[PDB]
Amino acid sequence: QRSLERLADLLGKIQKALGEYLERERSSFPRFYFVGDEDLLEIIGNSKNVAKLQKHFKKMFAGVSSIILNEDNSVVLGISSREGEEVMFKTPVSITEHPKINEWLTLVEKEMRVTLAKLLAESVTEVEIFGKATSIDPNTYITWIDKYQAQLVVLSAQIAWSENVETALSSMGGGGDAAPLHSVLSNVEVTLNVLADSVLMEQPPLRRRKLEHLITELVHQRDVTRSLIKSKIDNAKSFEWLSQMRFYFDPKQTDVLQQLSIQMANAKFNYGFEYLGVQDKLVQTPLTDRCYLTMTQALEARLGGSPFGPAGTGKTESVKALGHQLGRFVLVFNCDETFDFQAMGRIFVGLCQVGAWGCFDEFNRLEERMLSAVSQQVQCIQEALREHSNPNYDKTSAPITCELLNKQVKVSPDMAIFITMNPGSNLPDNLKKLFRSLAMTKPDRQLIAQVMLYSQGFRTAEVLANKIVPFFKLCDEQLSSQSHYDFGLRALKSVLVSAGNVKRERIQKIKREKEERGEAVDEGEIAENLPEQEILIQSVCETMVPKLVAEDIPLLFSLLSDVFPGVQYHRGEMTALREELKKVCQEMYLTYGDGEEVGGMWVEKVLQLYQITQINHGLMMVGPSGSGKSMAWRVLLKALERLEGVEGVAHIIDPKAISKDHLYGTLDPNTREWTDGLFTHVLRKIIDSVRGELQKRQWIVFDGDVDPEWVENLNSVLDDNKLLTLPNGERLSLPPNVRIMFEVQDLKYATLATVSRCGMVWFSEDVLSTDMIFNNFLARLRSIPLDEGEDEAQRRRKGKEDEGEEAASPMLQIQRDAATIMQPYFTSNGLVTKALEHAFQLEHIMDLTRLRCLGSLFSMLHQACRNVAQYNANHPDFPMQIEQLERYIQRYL
Amino acid sequence: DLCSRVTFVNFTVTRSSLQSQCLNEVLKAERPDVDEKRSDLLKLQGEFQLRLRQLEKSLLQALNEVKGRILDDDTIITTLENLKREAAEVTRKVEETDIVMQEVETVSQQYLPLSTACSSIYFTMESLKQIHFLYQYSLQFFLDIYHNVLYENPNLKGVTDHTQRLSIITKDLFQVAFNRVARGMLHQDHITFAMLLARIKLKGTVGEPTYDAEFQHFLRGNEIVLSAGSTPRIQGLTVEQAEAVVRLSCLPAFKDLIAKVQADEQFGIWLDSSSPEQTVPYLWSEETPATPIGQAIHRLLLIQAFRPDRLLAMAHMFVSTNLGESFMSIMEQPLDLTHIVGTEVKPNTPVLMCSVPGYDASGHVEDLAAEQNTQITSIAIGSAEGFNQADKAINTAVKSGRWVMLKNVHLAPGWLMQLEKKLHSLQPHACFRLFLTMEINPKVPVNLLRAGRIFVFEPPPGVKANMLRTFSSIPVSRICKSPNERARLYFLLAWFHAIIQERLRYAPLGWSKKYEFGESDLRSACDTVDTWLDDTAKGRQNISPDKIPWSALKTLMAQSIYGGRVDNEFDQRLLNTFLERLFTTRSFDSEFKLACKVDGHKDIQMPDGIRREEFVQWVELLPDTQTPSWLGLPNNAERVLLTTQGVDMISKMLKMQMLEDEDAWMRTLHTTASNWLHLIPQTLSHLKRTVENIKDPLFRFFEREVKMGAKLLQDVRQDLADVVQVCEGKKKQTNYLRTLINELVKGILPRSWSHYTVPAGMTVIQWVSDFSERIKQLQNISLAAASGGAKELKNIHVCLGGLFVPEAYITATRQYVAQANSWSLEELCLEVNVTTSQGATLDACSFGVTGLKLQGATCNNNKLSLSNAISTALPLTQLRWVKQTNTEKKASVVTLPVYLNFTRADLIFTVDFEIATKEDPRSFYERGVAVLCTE
Ligand SMILES: Nc1ncnc2c1ncn2[C@@H]1O[C@H](COP(=O)(O)OP(=O)(O)OP(=O)(O)O)[C@@H](O)[C@H]1O
Ligand SMILES: Nc1ncnc2c1ncn2[C@@H]1O[C@H](COP(=O)(O)OP(=O)(O)O)[C@@H](O)[C@H]1O
Ligand SMILES: [Mg+2]
């Protein structure tokens, strides 16, 4: 008893001491409660090899995908974003000098803050230099833009505009002379013209992202300045100007943290300098301005925020954007059967420790017990927050704390908590006295489209946006909605981005043509004389018509003609790929067409599939059983291989026939080793490229229905990163030859998050006609014998004409005669087609299927000609007489 | 199996069981002489025989052991005489097994209506659950009422006559039951409970007829349907009153009502009188002089038919003339909590009290404890330490005889359940009362509501009371702080908060929906004003009225504090007009009118004082009269609210009739199913699709809508066929079938039938009526389109009410004219033209719309004017899509929302109307003018 009790006390005390050391580390650096403790312990155990730690850095930071290492990985060089953007420390910190994880991580964080503050000071200095001039050099502008990171560039532009207009207000000071306001507006207009000219040319993707961000900011600044000039504001303390977010930069502050202060309306916020990599910049519509004002007032009053309303209006995105503009790291909590009560307590402790913004996306989807539990948690932490709000409590010595995990946890006032709701319901009754509420009833899609379309580089944007937004509203109203349809703001943004890319491709094509022939190349001259309506319509067609049911395509075209009058789209012609596709179709025994013919729908569908696989690296096929999606896929692969000279290799994998663990690899709980899964092993094989498959192209089909339970591993591949995350922790990229696929009957049980990451082509069941399938069957009868087995299947790799094999066996002649005699009954209005149409009206014991009936018929006719062959084998004296064959085949048919 | 393996015992309560219980209780309690005679009737059996045989057994035990001493003192002969007397006495009792039985039978027959009334009252109290989830009353509660009436009656003192005792005990029972139930009951339902008790006493009393037909018409007079075009026109009254007379005329005593009202000349001054219930005329036909109760019922039917907004007042009058004028006078008084907590609260029953959200009741009990000099501990129920504090406090107080505060316990239903489980099995002190305070929520345990002395606390209405509550909640020092204009700003904010908060009461006219403008919003507004005033003043004693940040306060209260919950653009605009009218520099003038056009002639002049005490004095000197003109609503808003409360009371008491009266449902289901299959149409016809008609937007909408509507119609007809098949018994039912049948029986709207837009909380009969109207319109448009093609479809007049999505109809006509004129959709704007003419010539861009209604205004020559009518029936409305030219906004243009139904929950489109006179567009917004597609 005593011997067992000693071990019981000792092992528990050792575990408690390890936990106390971990908690001391998390007290030395507050960022540490965010990572799970079971992963933090193996992080400590593997401090020398931080390659495994690289996976945990995504949870560690906001957008820092990995940390840059030295050649001996003992001194950190910097941090990389999700794409690979780097920032450089002034004096790099050595992990060997300070082996403690908490010490070197907090050194990294503090020096990151001070170095981005210093480069921000240099940025605002050079942007002041740029803005003080009437004209700006585009080369110097682009040099600065590529020199400095995207968020710092946008923030520097905001600070420069804010100080310009503030100096304008202080310079008038009741004098009523609008000269400095007009000069600021003219400066912003000139910079907008310069950058709109700049974005037209071809740029690196990061430069393009920065240019989009700066147009998004500058249109808002110009609109604010125009509204202020219209309002005729003469004093800097008027509320018409005070309601807009002012940026106050103080370089004279010795401490870098209190250098930047952001004030909107009344609250005096402070910038928490954190690295965000590259984020998405939301356009400052009046709705988002009102949201910013209300959340700023709520945080000033130290209450909560709860923007309620219908989904897809920008609630959690607006909260995230406000957190980005404030510099706080932002977590978005999924509230759909992904509830982890034990983790959320530690997350809340970390939020109280450092300060981070957490938004509960769709809080109405939880069940009562967890609603009550997390409501009690958010209630106690909100009351802890409000312990700082009261003025009767002193602030010079204020250890504001909360009872979290039965522990006194230090709380800083920097954090914020938001709870998104979706009525249609209300907040729980124990939180209504603490959380403000917002009405996100309707976004300003017209202004969103206008600003995004203007940032794409369009000469005209207002009429195109004011057409395309009611166009999408009209399309959602008039189109018979299905499960995979989406006409939301995300769809609008994707359509406009595709339109900008199409316009840039057109610019490149016309420039290359005019360089090939003899003229003078002028990018602006090419730019002004192009139909933006035609470009946008072509983009809508190319990104939406494949995703559309055959019933809805002429309705969509009629809506397009109603909204954009006097303009029509002419589809581009792909002669080389069409000819190669026709040759491959003739080789592989199919039916081809050239539009509005037999097989013309299939041909234009697979051409649309090529367009989608050129635009995006991941697409789906959502035809029913009997839609030809896999065969169109194979035909396109074999045609592209012959056209480009690049070998096409297929990897068809059934996702649900095999287990998900055997598909994505299985982790070893003991004696740790990695067993590769099917798709992961194929991707590892092409990454290694032992047989030189990086020069060739690989397509991978997941031939089976999609579920949210197994596509969570493919979300990290189907996003813009194209980085397959694995429990091993090693990073696998997707080379451009890889184009992942999906072969699904329907998406009745698939998430819209997985829908949004891929394009889709809807192969309607009226694509393969009965005549088409009859042509395939007759071609297979006339070509493929029925007695050679699989030994001669490898013999097909000789010449495709198969010369000298005409008199290989009399079976080929017999079945050719059979195909000839069954030809008149396989017409468009033939007996088989009429009988199939009539039996469609009848009901059977199972569900009738056209290819099922046809396949049974074809198998029995194969057995009929085999019976003729057996009769001839048993009758070597006389062959099978022609009229007897006529009667037998007719009767058997 | 569990049924077969055990035997069943039912200690259940029913009419006969409670009748016999009350009869036994009243005979044991009140009547002494026949009480003793009937206890002697229970002594007719062999109790004395058993005692005598016990004495005989003792004597026999003392008989065998004898040695010549049984002739001791001649005392045995006394016992022999006693036993002979007892034998003769029980023999006489056996001989009297008819006379005494007849006497006690007559005595019990004297007390039969009293026990019938007791059973009816308890069954109504049990049926009170279906009115509201809060009304949970128990058999122990009713027996407490009965014992308090029978035993502790102060009226019975000094009275010896048995008939007088009967009358006193019946009146006291009714009064005490009404008081005890209504103390824990909302103010909107006191009249309902009083009406039920009056019906019970009218049934139980003798000498008065049943009035069963009158009651049935008074309850379900709107359930019958009138033929279209069968209502004639009668002068001196409106259309709705005409159909009300038509519905009323079915009664045998009301046949000559039309002739009487046509021959009556003084009818106008009564129909337009403020209180027609005082001087209601003589209109009922009768052959004998009716009782006061009968004439009250007849005039109540007359008031309900003619002026439904006075239904509450006339029901009050009927309760007064049936059960006493002082019957309801107890409820119109401050609560006497002292007597209740000292006498009528059991020590093991916690005093349960409830309130509407935003209002507390702890101050009442704090004052009660202060005046009762009893120590009470305050515990807040919001966490585990609060649970432990509650546990230790209750286990201390159960012995020490103290009182326990358990604040806002509605957050923990499981804690409430286990606390009631604890309270079922403890021995409490004689002075231990547990005061549970919580808001009215459905998460409170139903058994906890059943096992508690419930109470209801409500905030009284009236702007004066609202501002008094606001100024009492706001501390004096906050307003007293410098500058001196802070008091005036706080008075303005309090007036505005009271105005909006009591504008909530007149929904949907006051607001499109009932927001929660509670105390947190008031605190946020006060903090905002404090911060901005501090920033502007910077410690100065006095600041100029012009230097006040009016723009800051207006924008913040419009977008952040009060406008945060406002999801409607038009409610946001109304809030904006309120803030622009109130928060301005012009308010600080002595001539500022805080509410214009009050009562049509006067104005509420803003007080000129600069002190909190002066403002509070002005508030306390406010007149007790109040009309919606104080809030800015039209003066008919009170009448609309009163008639809404009247129809709500009628429906609530109709729920009582169909549940408490069960002497069944299949027999009524036969008639309802046959009638519904009768008036519902036969079939609908689809429209043929052609390559030329494929471009018709109304054909596209017709295709989608009529596909889903043919699905809906085949479902409805097939389900009605299934219902009547089950009615005839040759078809069984599945779970879906029985749930649908139960919903059709109870009147709850079928969810599978309801997948298009309908008003909330609406009845299946009205659903059948307006759905048959929609199907008739669809048949008309299908027939016209099939007969004429698509050319006349532009000229066909379409009612927006009968359309399923008139928003899609508006988009259809805009894309139709866009296709016709080859214009972009952005280059089109909508212009409205209300035409009083019938079948006017329509342009190529003009359309026909019927059925529109205008609320709170009148339309004349496309120009609006303020009107005192509740609703005006708009004539044929024209929708013209002109090109969106660069036209400036006129000073007399107004944008009106067009809601589909009266609830104003959904929005369709907006119109553009002119103004005839120079009435303020702010006045239009304050009055709340809106357009309704259907009434
Ligand atoms: N162009 C074509 N001409 C004639 N027949 C064709 C053509 N394309 C496909 N088929 C026939 O259609 C059949 C079904 O097509 P495919 O093999 O692509 O599968 P699918 O219908 O998409 O099935 P699933 O739902 O299982 O993915 C093929 O087996 C082939 O016989
Ligand atoms: N101001 C804006 N600018 C650009 N896109 C926006 C803006 N507001 C919302 N969106 C888009 O609308 C979508 C809303 O999604 P999200 O906010 O995540 O869900 P919910 O709206 O249900 O909270 C996002 O995909 C976002 O891209
Ligand atoms: Mg396939």
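Protein chains in written order, with the entry's author numbering: chain H, 1598 to 2021, 2026 to 2494; chain W, 3691 to 4353, 4375 to 4646.
Using N, Cα and C, we set each Cβ at its ideal position, and we do this for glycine too.
Partner residues on chain W for residue i, Cβ-Cβ distance less than 8 Å
i: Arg1887 of chain H; result: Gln4249
i: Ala1898 of chain H; result: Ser4214, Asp4217
i: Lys2068 of chain H; result: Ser4535, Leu4536, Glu4537
Contacts that residue i makes with chain W (C-beta to C-beta distance below 9 Å)
i: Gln2134 of chain H; result: In chain order: nothing, as chain W lies at least about 10 Å away.
i: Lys2034 of chain H; result: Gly4208, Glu4209, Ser4210
i: residue 2538 of chain H; result: Outside the shown range of chain H, which is 1598 to 2494, sits residue 2538 of chain H, and nothing can be said about it.
Inter-residue CB distance, residue i and residue j (contact presumed, cutoff 8 Å)
i: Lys2112 of chain H; j: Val2122 of chain H; result: 6 Å
Chain-ordered chain H contacts of residue i [CB-CB under 8 Å]
i: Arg4255 of chain W; result: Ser2038, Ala2040
i: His4100 of chain W; result: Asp2030
i: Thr4221 of chain W; result: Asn1863
Per-residue burial, residue i [other beta carbons within 10 Å of its own, 16 or more giving buried]
i: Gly1924 of chain H; result: buried
i: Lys2068 of chain H; result: buried
i: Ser2082 of chain H; result: exposed
i: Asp3879 of chain W; result: buried
i: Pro1802 of chain H; result: exposed
i: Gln3751 of chain W; result: exposed
i: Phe1938 of chain H; result: exposed
Contact under 8 Å by Cβ, residue i with residue j
i: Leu1704 of chain H; j: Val1690 of chain H; result: yes
i: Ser1986 of chain H; j: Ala1898 of chain H; result: yes
i: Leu3887 of chain W; j: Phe3905 of chain W; result: no
i: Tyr2193 of chain H; j: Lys2206 of chain H; result: no
i: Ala4215 of chain W; j: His4187 of chain W; result: yes
i: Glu4110 of chain W; j: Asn4085 of chain W; result: no
Beta-carbon neighbours of residue i, restricted to chain H and to distances below 9 Å
i: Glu4270 of chain W; result: In chain order: nothing, as chain H lies at least about 14 Å away.
Chain W residues whose Cβ lies nearer than 7 Å to that of residue i
i: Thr1891 of chain H; result: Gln4249, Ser4250, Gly4254
Check: Which of the residues in the segment 4510-4535 of chain W, read from start to end, lie with their CB under 7 Å from any CB of chain H?
Finding: Only those residues of the segment 4510-4535 of chain W whose C-beta falls short of 7 Å from the nearest C-beta of chain H are listed: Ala4519, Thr4522, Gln4526, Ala4529, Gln4530, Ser4533, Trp4534, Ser4535.
Next item on the list: Report the residues of the segment 2164-2185 of chain H with a CB closer than 8 Å to any CB of chain W, ordered along the chain.
Entry: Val2164, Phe2165, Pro2166, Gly2167
Check: the segment 1837-1855 of chain H: which residues have C-beta closer than 8 Å to a C-beta of chain W, in chain order?
Finding: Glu1837, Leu1839, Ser1840
Note to self: Which residues of the segment 4129-4142 of chain W have a Cβ closer than 8 Å to any Cβ of chain H? Give them in chain order.
What the structure shows: Those would be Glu4129, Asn4131, in chain order.
Checklist line | Near-chain H residues of the segment 4229-4250 of chain W - C-beta to any C-beta below 8 Å | finding: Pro4239, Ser4241, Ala4242, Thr4245, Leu4246, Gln4249, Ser4250
Checklist line | Members of the segment 4390-4420 of chain W near chain C, C-beta cut-off 9 Å | finding: This model lacks chain C altogether, as its protein chains are H and W.
Check: Quick one, which residues of the segment 1758-1780 of chain H are near chain W if we go by CB-CB under 8 Å, in chain order?
Finding: none
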